[PDB]
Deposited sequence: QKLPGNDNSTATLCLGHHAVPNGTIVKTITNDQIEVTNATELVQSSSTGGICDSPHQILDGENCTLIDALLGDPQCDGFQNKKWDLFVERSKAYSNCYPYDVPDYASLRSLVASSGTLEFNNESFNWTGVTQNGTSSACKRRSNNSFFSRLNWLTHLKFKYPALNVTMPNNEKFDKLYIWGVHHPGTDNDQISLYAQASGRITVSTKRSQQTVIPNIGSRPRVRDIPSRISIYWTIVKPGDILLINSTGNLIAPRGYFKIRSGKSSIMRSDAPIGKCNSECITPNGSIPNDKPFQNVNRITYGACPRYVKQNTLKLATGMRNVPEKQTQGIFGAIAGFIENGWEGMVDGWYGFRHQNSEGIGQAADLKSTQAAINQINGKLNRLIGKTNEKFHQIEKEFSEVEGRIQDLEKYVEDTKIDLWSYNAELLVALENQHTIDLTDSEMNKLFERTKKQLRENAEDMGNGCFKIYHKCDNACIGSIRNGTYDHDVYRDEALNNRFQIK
């Protein structure tokens, strides 16, 4: 009657979410946000990276100049996309260390080609084949020059091309392995012999090996492809007596952020920074479980399919009914703040949100969101992470490196979220405790702690009086005489 009650409390919601902390495997909080990206739209967005869709062509087919790849001449990319349907449709070939040539062209990001005038005096140039049709005519790789005898002579070639440019030159060349001794003589006028391609700093010698291989598009012969990089001030020398598939010039070789990806995802007219083989993915979240193959500003790949970051305090049911405070009890009816006051006095029972404490909690949570959301880092050309052939040692190491990396990031992600969630529970608990302590200090000897998050105020404390406490302007001296008389009375 001659007293009032003031309770300190916090909000609660009817639909909380479970998160993990250091203390609890499962604790319900008022709200959380997902930190693992697990979906893609399923398309690769054509912006803001320059995409080159290989369609039916591998990068190596586009490099050599398979007729169906003619439209790729001189093009550049940030990301070359190779399709599973891609197929070769020219003379059958192989590339010793195919993976390396693919990688180095991919990383260079350009098919720019400059023709050069080699001196092929004494031989027939521009050999063609029915296995490599261009506009329904017998043809050959656009960037290569099939040399054969002239008037049944093939004089020894000893041909030079200096690099007088200020940039490196990439030369692609080949050796023809004929199916039979008959074809060797028919083509090069004499028995097969080695090809030597050299510079001041390197030498490569290749021996043609005559023999039938299983027919590919009806051809039992093969071309083996080689490459040579020539520095400024160095000189290419080509030395051969037959079987040379000659370069027509050089590719520019650049450095930058280009790569290549295997994917069947359609290319869309849209804008997304992070590309995976499954399609582009949003990069707001710090982690993702879509694909360990990525290009661009991407979330880091982890094994988890979900990691929930708490964005609110512990969610605690309201106890069924006298008003009561935060001790084992949240307030579902408090909707305009996270913390606040309930009172009972001469004028009724009321509630008010505390703005300061609410904002302190929200600001800290927004702070950690700002550290974690929209802060992905870019990666470009990396290592391959899926393999179509069995290879042993090198592949074992590539796979182990990647597995090692993923487990370490998955661990970091698990620990980070547990630590942050513990900190969020701690900081939100702390704001409640601080509010209660501040109030206790204001009240001095005029109130007692009832043990339920409420004070029994031992004087008449009307709406303005309660407001003075909430506003931090309550003068304990004004009421102390009244309060002491009420507290320390014999009953």
Coverage holes, deposited numbering, ordered by position, sit at 1 to 7, 329 to 333
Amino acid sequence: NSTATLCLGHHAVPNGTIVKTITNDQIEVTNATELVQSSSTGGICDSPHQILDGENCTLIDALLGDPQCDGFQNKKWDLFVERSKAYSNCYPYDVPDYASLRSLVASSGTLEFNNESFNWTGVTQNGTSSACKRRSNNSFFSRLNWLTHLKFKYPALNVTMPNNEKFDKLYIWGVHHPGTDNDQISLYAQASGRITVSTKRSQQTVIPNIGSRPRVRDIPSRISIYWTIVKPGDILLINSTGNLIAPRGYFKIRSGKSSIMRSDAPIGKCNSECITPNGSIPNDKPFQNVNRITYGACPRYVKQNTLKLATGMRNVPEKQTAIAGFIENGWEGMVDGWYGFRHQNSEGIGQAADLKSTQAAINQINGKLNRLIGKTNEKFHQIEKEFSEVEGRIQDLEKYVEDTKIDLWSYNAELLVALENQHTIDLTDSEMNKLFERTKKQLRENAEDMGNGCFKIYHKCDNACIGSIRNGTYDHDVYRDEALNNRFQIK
From here on, numbers count along this sequence of modelled residues.
Could you settle it for me: does 5 to 13 or 464 to 472 have the higher average Cα B factor in the PDB entry?
-> 464 to 472
Tell me which of 105 to 113 and 154 to 162 has the higher mean C-alpha B-factor in the deposited entry.
-> 154 to 162
By the entry's C-alpha temperature factors, tell me which of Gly392, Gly340, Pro266, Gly242 sits highest.
-> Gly242
Member of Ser186, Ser100, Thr311, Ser259 with the greatest C-alpha B factor (per the PDB record) = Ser186
How does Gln50 rank on Cα B-factor within its chain, lowest, middle or highest third?
-> lowest
Would you mind ranking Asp234 by its C-alpha B-factor against the rest of the chain and naming the third, lowest, middle or highest?
-> highest
Lowest, middle or highest third: where is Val478 by C-alpha B factor in its chain?
-> highest
Grab the CA temperature factor for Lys456 from the record and place it in the lowest, middle or highest third of its chain.
-> middle
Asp94: C-alpha B-factor third of its chain, per the entry, is the middle
